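Here PDB author numbering = 1-based position in the sequence shown + 4. Yeah, the Cβ is synthetic: ideal placement off N, Cα and C, and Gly gets one too.
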Amino acid sequence: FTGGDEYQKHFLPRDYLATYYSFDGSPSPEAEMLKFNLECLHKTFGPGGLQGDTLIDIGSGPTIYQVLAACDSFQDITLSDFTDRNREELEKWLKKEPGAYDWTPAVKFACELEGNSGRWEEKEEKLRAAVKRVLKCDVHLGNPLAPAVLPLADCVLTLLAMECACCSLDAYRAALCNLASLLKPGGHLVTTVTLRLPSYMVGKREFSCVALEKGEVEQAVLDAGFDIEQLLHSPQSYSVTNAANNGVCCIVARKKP
Ligand SMILES: Nc1ncnc2c1ncn2[C@@H]1O[C@H](CSCC[C@H](N)C(=O)O)[C@@H](O)[C@H]1O
């Protein structure tokens, strides 16, 4: 199973973005996966949804799409990733440096969900302003952000990373408890997990995944001290050449006080 050393040495954010977030304008399963997540996130963080002071995104990778809805409802956002190269990409985007990845199609889609795709620059800058820090994280640690110690948060967000970080169902179950430690009682975990996925491509390089069934994920969430508040499933899959998953599950879970 590809572990931390393999990520640190060999995970290339530019290859990751080209595989899963190409914005080539074509009809594609990768685009549909992004759309599904953007839809779930608008439901979760838009009008009538979750709101609070602090949100921590765990395993952000080099991507910012996952917090476009969130920045309307959480004023202090932390992004975090295990892989140094990924944190560098995030900082390029936040700083508006020349090498920053162009997320415009996703920003526009996020705004479209809110009823006006024309306000995309406003959303882009609102997110950028809301992101206060970019930190190392490791979900296997009791405190995933160690040696940083943040105040307990209103929300922990994590998309498509836990199943890459964890080699087994047991590792995944423990990692959920580690995320739960970052939350206030009554706080929420928001997570999207790909199902029955054993591996995924990042450009020409293969990385491992733990193959999880949604029943297992659901039990793991309950066992980590949460209840399930919302659950949104789709059969949507990536190209099987990239990642042969059996659909996808987005879960909003509340840490029981
Ligand atoms: N132990 C660990 N703790 C936290 N993140 C880890 C990790 N091991 C691997 N990762 C991260 O898991 C991510 C998987 S790719 C998912 C990226 C992004 N959240 C998206 O929505 O596309 C990578 O960014 C990788 O660095």
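- Taking one beta carbon from each stretch, the region 175-192 and the region 17-25 have fewer than 3 pairs nearer than 8 Å; the two do not touch.
- A residue is called buried once 16 or more other Cβ atoms fall within 10 Å of its Cβ, and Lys259 is buried on that count.
- Shown here for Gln55: same chain residues with a beta carbon closer than 6 Å to its own, the five before and five after excluded, namely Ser77 in chain order.
- Relative to ligand 1, even the nearest heavy atom lies 6 Å or more away from the CB of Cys213.
- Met37 is the residue among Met37, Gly8 and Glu10 whose C-alpha sits nearest the C-alpha of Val244.
- A distance below 6 Å between beta-carbons, with the five flanking residues on each side excluded, links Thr58 to the following residues of its chain, in chain order: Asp80, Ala157 and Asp158.
- The beta carbons of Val135 and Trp124 sit no closer together than 7 Å.
- At the C-beta level, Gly65 and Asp88 stay beyond 7 Å of one another.
- Under the three-state reduction of DSSP, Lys13 is assigned to helix.
- Restricting attention to alpha helix (DSSP H) runs no shorter than 4 residues, the region 81-110 encloses them at 88-99, ordered along the chain.
- Taking all protein chains shown into account, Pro148 has 16 or more neighbouring C-beta atoms within 10 Å of its C-beta and is therefore buried.
- Residue burial is scored here from C-beta neighbours: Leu183 has at least 16 other C-beta atoms within 10 angstroms and is therefore classed as buried.
- Residue state for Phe211 is assigned as strand, using DSSP reduced to three classes.
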